[PDB]
**Student:** 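I am attaching a structure below and will ask some questions about it afterwards.
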Amino acid sequence: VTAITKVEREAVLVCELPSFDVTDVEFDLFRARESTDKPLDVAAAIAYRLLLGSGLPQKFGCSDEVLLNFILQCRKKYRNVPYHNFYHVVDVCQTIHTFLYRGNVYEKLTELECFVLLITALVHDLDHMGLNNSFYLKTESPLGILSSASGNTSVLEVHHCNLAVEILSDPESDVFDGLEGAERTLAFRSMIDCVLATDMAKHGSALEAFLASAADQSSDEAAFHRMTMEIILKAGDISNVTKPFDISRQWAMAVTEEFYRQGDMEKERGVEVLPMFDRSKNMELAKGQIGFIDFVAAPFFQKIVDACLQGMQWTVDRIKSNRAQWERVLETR
Ligand SMILES: COc1ccc(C2=NN(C3CCCCCC3)C(=O)[C@@H]3CC=CC[C@H]23)cc1-c1ccc(C(=O)NCC(N)=O)cc1
Ligand SMILES: [Mg+2]
Ligand SMILES: [Zn+2]
């Protein structure tokens with residue numbers, strides 16, 4: 001990795017984000033990307049500001065410059081794809097900030113853990129190519145073969161973790177260089193555990209483990225922390241439907257498109273194409289958003305709120321409300 005230049009840093013630092021509150025649950029990253037013709041620097045500054053406003057990097061000996069070098073080393077490794085690009089990980093970072101500090105989930109974690117979560121957000125989809133793990137396995141692509149041969153089916157998540165480790169192995173971009181011994185180990189392990197937990201194939205069992213730990217007043221305390229961190233990063237990653245309707249809708253269009261591209265490539269390769277990824281097999285968002293709400297997001301948010309994260313009730317209220325709004329799209333079609 002080439003080190004970050006004074007000039008790259010400068011270009012982020014000049015962005016002032018007039019009229020945006022990055023800490024608000026109704027912050028609108030799409031309005032932010034439009035606001036200038038340098039949307040990547042704006043996103044970077046959003047992340048810089050979120051991290052500095054937490055007060056956390058300062059506490060763990062991470063200078064403002066090492067923080068920003070890191071953000072930029074992360075950013076150079078995202079791709080120009082419709083959904084799993086740099087704006088997604090910035091969105092996850094911001095969203096986590098709100099769960100921690102508007103939803104008071106910070107009370108369940110140490111400051112270090114809060115810090116790790118915010119950093120982990122920005123590493124968690126590094127070098128994503130717009131194709132899911134299933135694609136690499138079905139096509140016997142080289143990374144798919146390596147994953148099968150090595151016994152880990154989380155093709156992409158292990159890859160993201162490998163790139164996060166390389167960024168952090170340079171002191172210039174190691175946000176954890178101020179740590180040592182147990183703390184350093186904890187930062188790396190918890191970051192890696194959270195990224196590995198974002199594989200949706202493990203959704204049900206990560207949710208069930210957290211729920212059973214929350215209900216158990218004798219749960220091991222370090223395990224409860226780790227799982228809380230995992231569940232918060234997962235919540236960030238499926239949080240699109242917890243946002244104001246127009247925001248949620250623009251996310252939905254972005255993912256939908258990326259899925260369709262995968263499906264096109266799966267056609268051109270002659271492998272199985274799921275209906276979800278099949279262009280010629282769908283005419284509408286509404287039914288798909290509702291489906292995702294009903295089977296994935298609403299049960300996830302409601303369970304974790306009721307189990308433990310009472311402060312995040314707004315997410316459940318907003319899902320309910322977005323669902324009703326998609327139902328009006330159907331009722332009036
Ligand atoms: C905002 O919506 C989403 C947000 C995140 C994800 C993610 N799915 N998974 C899985 C995908 C397989 C089965 C469902 C469970 C979740 C991922 O592992 C992604 C990466 C990590 C987290 C969630 C992401 C998916 C959606 C979404 C995309 C398309 C439709 C749709 O019905 N497609 C047809 C149409 N024509 O409408 C509906 C919702
Ligand atoms: Mg991912
Ligand atoms: Zn993600």
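We're numbering straight along the sequence, starting at 1. We count ligands from 1, going down the list as the structure has it; atoms in each ligand are counted the same way.
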**Student:** Is the distance from the Mg ion (ligand 2) to some N, O or S atom of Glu157 under 2.8 Å?
**Tutor:** no
**Student:** N/O/S of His84 less than 2.8 Å from the Zn ion (ligand 3)?
**Tutor:** no
**Student:** Could a heavy atom of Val241 be found less than 4.0 Å from some atom of ligand 1?
**Tutor:** no
**Student:** In the protein, what heavy atom is nearest to atom 9 (N) of ligand 1, and what distance, to one decimal place, separates them?
**Tutor:** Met200 CG, 4.1 Å
**Student:** Where is the nearest protein heavy atom to atom 20 (C) of ligand 1: which residue, which atom, and how far?
**Tutor:** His84 NE2, 4.0 Å
**Student:** Under 4.0 Å from atom 34 (C) of ligand 1, is there any protein heavy atom?
**Tutor:** yes
**Student:** Please determine whether a side-chain nitrogen of the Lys or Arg among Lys243 and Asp28 lies less than 4.0 Å from a carboxylate oxygen of the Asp or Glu.
**Tutor:** no
**Student:** How many degrees, to 10°, between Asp125 OD2 and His88 NE2 as seen from the Zn ion (ligand 3)?
**Tutor:** 90°
**Student:** So is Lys287 in contact with ligand 1, going by heavy-atom distances below 4.0 Å?
**Tutor:** no
**Student:** Indicate whether the side chain of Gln73 and that of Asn69 have a donor and an acceptor atom separated by less than 3.5 Å.
**Tutor:** no
**Student:** With sequence neighbours left out, what residues match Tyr101 under ring-ring contact (aromatic ring centres under 6.0 Å, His included)?
**Tutor:** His97, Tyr106
**Student:** Is the count of non-hydrogen atoms from other residues, nucleotides or ligands lying under 6.0 Å from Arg189 atom CZ greater than 12?
**Tutor:** no
**Student:** When you check the gap from the basic side-chain N to the acidic O, do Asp24 and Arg31 get nearer than 4.0 Å?
**Tutor:** no
**Student:** Hey, are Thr315 and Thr242 close enough side-chain-wise for a donor-acceptor pair under 3.5 Å?
**Tutor:** no
**Student:** Quick one: do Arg261 and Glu257 make a salt bridge, cutoff under 4.0 Å?
**Tutor:** yes
**Student:** Over 60° means perpendicular and under 30° means parallel, so classify the ring planes of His128 and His84, tilted if in between.
**Tutor:** parallel
**Student:** Have a look at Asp237 and say which of its N, O or S atoms is nearest the Zn ion (ligand 3).
**Tutor:** OD1
**Student:** Checking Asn133 against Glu157: is there a side-chain donor and acceptor pair closer than 3.5 Å?
**Tutor:** yes
**Student:** Which ligand 1 atoms, with their elements, are less than 4.0 angstrom from a heavy-atom of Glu284?
**Tutor:** 37 (O)
**Student:** Do the charged groups of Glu166 and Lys77 touch, with an N to O distance under 4.0 Å?
**Tutor:** yes
**Student:** Taking the non-hydrogen atoms of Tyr260, is any one of them nearer than 4.0 angstrom to ligand 1?
**Tutor:** yes
**Student:** Under 4.0 Å from a heavy atom of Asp237: which atoms of ligand 1 are those, numbered in the order shown and with their elements?
**Tutor:** 21 (C), 22 (C)
**Student:** Provide the number and element of each atom of ligand 1 under 4.0 Å from a heavy atom of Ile238.
**Tutor:** 23 (C)
**Student:** Does the protein come close to atom 14 (C) of ligand 1 - that is, does one of its heavy atoms sit below 4.0 Å from that atom?
**Tutor:** no
**Student:** Anything under 30° is parallel, anything over 60° is perpendicular, the rest tilted; go ahead and classify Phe301 against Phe99.
**Tutor:** perpendicular
**Student:** Kindly give the atom name of the N, O or S atom of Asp125 closest to the Mg ion (ligand 2).
**Tutor:** OD1
**Student:** Judged by non-hydrogen atoms, does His203 sit under 4.0 Å from ligand 1?
**Tutor:** no
**Student:** Which protein non-hydrogen atom lies closest to atom 32 (O) of ligand 1, naming both residue and atom, and how far is it?
**Tutor:** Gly288 CA, 3.2 Å
**Student:** Parallel, tilted or perpendicular for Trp326 and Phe245, by the 30°/60° rule?
**Tutor:** tilted
**Student:** Quick check on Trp251 - does any of its heavy atoms sit under 4.0 Å from an atom of ligand 1?
**Tutor:** no
**Student:** Tell me, which protein residue and heavy-atom name are nearest atom 8 (N) of ligand 1, and how many Å apart are they?
**Tutor:** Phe259 CZ, 3.9 Å
**Student:** What protein heavy atom is closest to atom 4 (C) of ligand 1, reported as residue, atom name and distance in Å?
**Tutor:** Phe292 CZ, 3.9 Å
**Student:** Using 30° and 60° as the class boundaries, would you call the ring planes of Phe115 and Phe176 parallel, tilted or perpendicular?
**Tutor:** perpendicular
**Student:** Closest N/O/S atom of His124 to the Zn ion (ligand 3), by atom name?
**Tutor:** NE2
